[PDB]
Each structure stands twice: as C-alpha cells, then as structure tokens.
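Below, in structure tokens: the form solved without the named molecule, a single chain.
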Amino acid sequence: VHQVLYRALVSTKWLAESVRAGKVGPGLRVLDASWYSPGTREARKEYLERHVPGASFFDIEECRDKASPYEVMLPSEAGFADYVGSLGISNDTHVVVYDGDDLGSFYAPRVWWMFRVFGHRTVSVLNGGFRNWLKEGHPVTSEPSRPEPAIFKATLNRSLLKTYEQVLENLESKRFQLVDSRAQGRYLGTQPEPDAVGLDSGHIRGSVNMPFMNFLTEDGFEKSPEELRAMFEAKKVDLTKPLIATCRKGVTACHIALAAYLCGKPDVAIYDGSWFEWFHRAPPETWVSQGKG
C-alpha cells in the first residue's frame, strides 16, 4: 500500500467490484491509455463508444513534450500535473490504467511508469486489459465522464529516467545492463522500423533483447513471477544489478520495468529517448545492425 511494493497489477474482478461499490471518484480513478498506429485502430472513438464506467481517456499525444523532435517524450512536471489534475487525480488517488490492445497490454505500462517517475506511488495496471474486461462481460458504457478537477503535485524522480548522455557513458562504464524490448527483427536489423523516414533498425551496442510480448500469456495476462524470473535468467539479465530498458520510443520498455517490479526490483530506469532519439544523435559506431554499414 506503498512503494514497499505497491500493488502494480489489479484484476478485472477487483475493478468491477470497486466499480459496483461506487468506489470510483477522487480516491480511485480509471484511465484508458490506448494508442494505435495511425490508420489502424481509432483509440479515442473506441473509448467514446465503450469504456469502463467512470473512466477517462488518457491521451499520450497530449501528455508529452510537444517541443521535442523525438517521439513520446515526458512532459515537464508542470505539464504532467496539469494534465492529471484535470482528470480529477490528486496525490491521494489510487490510479488504474488500461489499454485496448489485442495483446492484452501495450501503452498501459507506459502510463504506470509515468506516474512513478513523477513521484506517484499508488498506480496499477488492469491485468488482462480491456480485452479481458470485455471477454468477461463486465459493465461498459458510453456515457460521458466529467470528474471534478483535482490538484496534483508532481516531482520528477531522476533515478527512474535515463538521458542520451547517461546511456552514452554507460557505453564506457558498463555499469548498467541495457535491455531492448522490441521485436527481435527490429532489434537484429532484419525488419524495418515503421512510421519513420530514413530510420534504420538495429540496436545499441551491448544491448540484450527481451521482446515485450514474451511477458504476456496467450490470453493477454501478465505471466507469473516465477516465470518472469526464469525469463530474465535465461536472458542473462541479473536482477540484482542496475538495468536500463529501452525500445523504439520509451513505450514498451515499460513492460521490462513492470515485470522487474513484479519480481521485486522497482529500480529499472527508462531510456525515454530510445532508439528513435539514439539513431538521430549518436555516432553510428555505437550501434549495430544485421545490414548497411
């Protein structure tokens, strides 16, 4: 009930009952943070049609540093507080996040992380996502949600974040383990990076790949701790050592941190800039591909 571990994962059942008990309000806020590649699924319309009762739509496109040239970068403290405060969330709120991904979870772990990096320890992800909420027949609705605004105080927690400069030195110090959550193809350089002009695939030198999807079961639920643990281990990632997670734009890297958290390591840091920023900033000698160089 504190970062002694907070409850990172919440069940559909737990959620439906809080819902039924009138638990949603200032003390319990629900957010849909679905995002899809342009032209595929329509995250916001989907939300307007069907949403867990009382939930608000969390738009990452809005909540980020619009001025950066890179993708999905954290907004500033103020920007964040402002945003969250308007969704009626305060420092005392237990925040539940979910997404509509078919996989069971995609963007939700990113929002979980953002709350943490800004100092809020009381937030969880709906294990199984909307996919399961539906499958189970829990109540869905199209009525609008209009929480009263709250005041939220945000404080950046630097240790859960890594910048371009910090990752570049790590190249020399090797103090932290670097784990890439993208699909192997993109990690290897065999497949291309999507939705980007002149963006090559490949990975930072010394990185280890742990494709995000490997942490979820066929049904879309998080695997269990014992399984998570065995996975990091088969990967040669030691949970007792520092670790930085990176991916394309600092989104699915969040899955490595949730899983490490569930295994008892809450200090996984996220390289927000990620591959997108890296490719455009570092010397080409710092990365590798299974092609063109």
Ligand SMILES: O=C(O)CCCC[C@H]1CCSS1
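Only residues modelled in both forms are compared. One rule holds for the numbers: they count along the sequence shown, beginning at 1. Take the two forms, find the largest set of C-alpha atoms that superpose within 1.5 Å, and that set is the rigid core.
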Quick note on 259-267 and 233-241: per-entry mean CA temperature factor is higher in 233-241
Which has higher Cα B-factors on average according to the PDB entry: 121-129 or 195-203? 195-203
Of the options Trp113, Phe221, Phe176, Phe152, which has the highest CA B factor as deposited? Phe176
Using the temperature factors in the entry, find which of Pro211, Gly189, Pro147, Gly100 has the highest value at its Cα atom. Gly189
Entry-reported Cα temperature factor of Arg44, expressed as the chain third it lands in: lowest
Once the chain's modelled residues are ordered by C-alpha B factor and cut into thirds, is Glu227 in the lowest, middle or highest one? highest
Assert third(CA B-factor, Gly54) within chain per record equals highest
Going by what the PDB entry lists, where does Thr141 fall on CA B-factor within its chain: lowest, middle or highest third? middle
Within-chain third of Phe80 by Cα B-factor, per the entry: middle
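Form deposited with the named molecule bound: not shown, discussed below.
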Heavy atoms, 4.5 Å, the named molecule in the deposited complex: which of 260-268, 245-253, 227-235, 50-58 makes the cut? Say which one. 245-253
Are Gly198, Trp275 and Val288 jointly within 4.5 Å of the named molecule in the deposited complex, each by at least one heavy atom? no
In the deposited complex, the residue from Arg186, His94, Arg116, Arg131 with a non-hydrogen atom within 4.5 Å of the named molecule is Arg186
Tell me, which of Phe215, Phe106, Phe176, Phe80 has a heavy atom within 4.5 angstroms of the named molecule in the deposited complex? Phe106
Find out whether any non-hydrogen atom of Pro194 is located within 4.5 angstroms of the named molecule in the deposited complex, and reply yes or no. yes
Once both forms are aligned on the rigid core, what are the runs of 3 or more consecutive residues with C-alpha shifts of 2 Å or more between the shown form and the other one? 1-3
